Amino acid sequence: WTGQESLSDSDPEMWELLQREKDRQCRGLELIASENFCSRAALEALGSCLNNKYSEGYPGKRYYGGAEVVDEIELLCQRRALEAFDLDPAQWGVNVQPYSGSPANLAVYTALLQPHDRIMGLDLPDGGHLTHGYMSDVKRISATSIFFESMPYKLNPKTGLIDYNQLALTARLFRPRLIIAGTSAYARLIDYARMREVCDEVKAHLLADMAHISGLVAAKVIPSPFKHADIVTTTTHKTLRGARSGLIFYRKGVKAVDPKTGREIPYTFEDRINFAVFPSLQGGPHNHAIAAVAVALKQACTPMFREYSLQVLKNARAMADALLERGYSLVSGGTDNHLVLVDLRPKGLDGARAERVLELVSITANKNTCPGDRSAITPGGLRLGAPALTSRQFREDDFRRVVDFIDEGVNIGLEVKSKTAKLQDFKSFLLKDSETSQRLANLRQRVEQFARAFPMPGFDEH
């Protein structure tokens, strides 16, 4: 045994599963707004010998030696991260060690807040992320709500936007120490200037969690959260198109100067953010991930990536405009970003029904809660995203064509719904009924033929 044998030779069972998954990704239409397709360059770094190195600590301040190269990789991943979002090294530092986006958020809270300190984030059904705080009536769901005290801020159910007025009303009562500006499922831009007004008034920190939009921010196709935010967290995946990992950007240097004291009052984020990641929360850095992130961060600095990002926005608008023109309602009436929230209630359907039908024809999207949701349990919408298929060289016409493929699925969903009682019965009907089955089997076959012809990033067979 050398440990230099191929995966295909040494573990055929696993190799076939990778080939089955690679086939699935190629043949399908990926409309999940959080998914993308990572470059081969990044994945090569991700499966490198950098997996074999323990480098607890930070560049120049490690616990073990033999860390000369990984220091250069970490410092390069930092520099490239700052470059990718056009940040001055004197004003911003960055931590590249978080294992994902959820760890990066917990690290920020741990760094800046005492246990049980107060956090405000967009409510989960209103398009927020679990890690911004989430409790049900019976239990604390997110660990953010266990170790800290979270109160959600809501959407205006008329405009479908973030009610910035009610945020400011509740924030001055609840008195949070941190407010989170970021979203999982929201088609519009965030008023980071307004967020900072509220955070300034009530003496709170502003955290921008740009996970979903980080590529769009680097490409400068939408406005930057870095103009108004104290702290920015992100996934390195999603629109950035990197490996699964996380970043924490923080302000550094001088914040303010008081004329009375006659001196500079520095930002105190750096040491606390870094200490919270390590030694407080994480163990050994995943240097292979850090290197794969740095590969993607270089890619994001290029003209190529900007044109990809402009094409994401166009393809979202094209998917939005095409839905409107085929009789669909959109939450907030459209989009200014990579995704579209389709209210299926005004076309007499829900999200759960649409999801399972589309899935069966190799179209993967997720159900979504809309402001107009009459029922709290069964969600009445659909989140569709551009980034993935755009990375496969999809243009507007291709996106108009997937809308037509979707519409055919929705229209099967509307037909199966009217010949059905429950959501349990709705799934029994799709699998069993030959006329629905074969009409899906035909739609799948077309979707797969349409999808397969487009290029796929990464390796050829896995």
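Counting begins at 1, following the sequence as shown.
The deposited model assigns a higher average Cα B-factor to 370-378 than to the other stretch when 267-275 and 370-378 are compared. According to the PDB record, 399-407 carries the higher mean C-alpha B-factor of the two stretches 399-407 and 36-44. The maximum CA B-factor among the listed residues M120, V94, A316, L113, taken from the PDB record, is found at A316.
When the C-alpha B-factors of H338, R356, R140, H237 are read from the PDB record, the largest value belongs to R356.
The PDB entry assigns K53 a C-alpha temperature factor belonging to the lowest third of its chain's modelled residues.
Looking at the C-alpha B-factors along this chain, the one for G284 belongs to the lowest third. The deposited CA B-factor of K154 belongs to the middle third of values across its chain. In the deposited entry, the Cα temperature factor of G348 sits in the top third of values across the chain's modelled residues. In this PDB entry, the Cα temperature factor of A294 sits in the bottom third of its chain's modelled residues, the lowest group.
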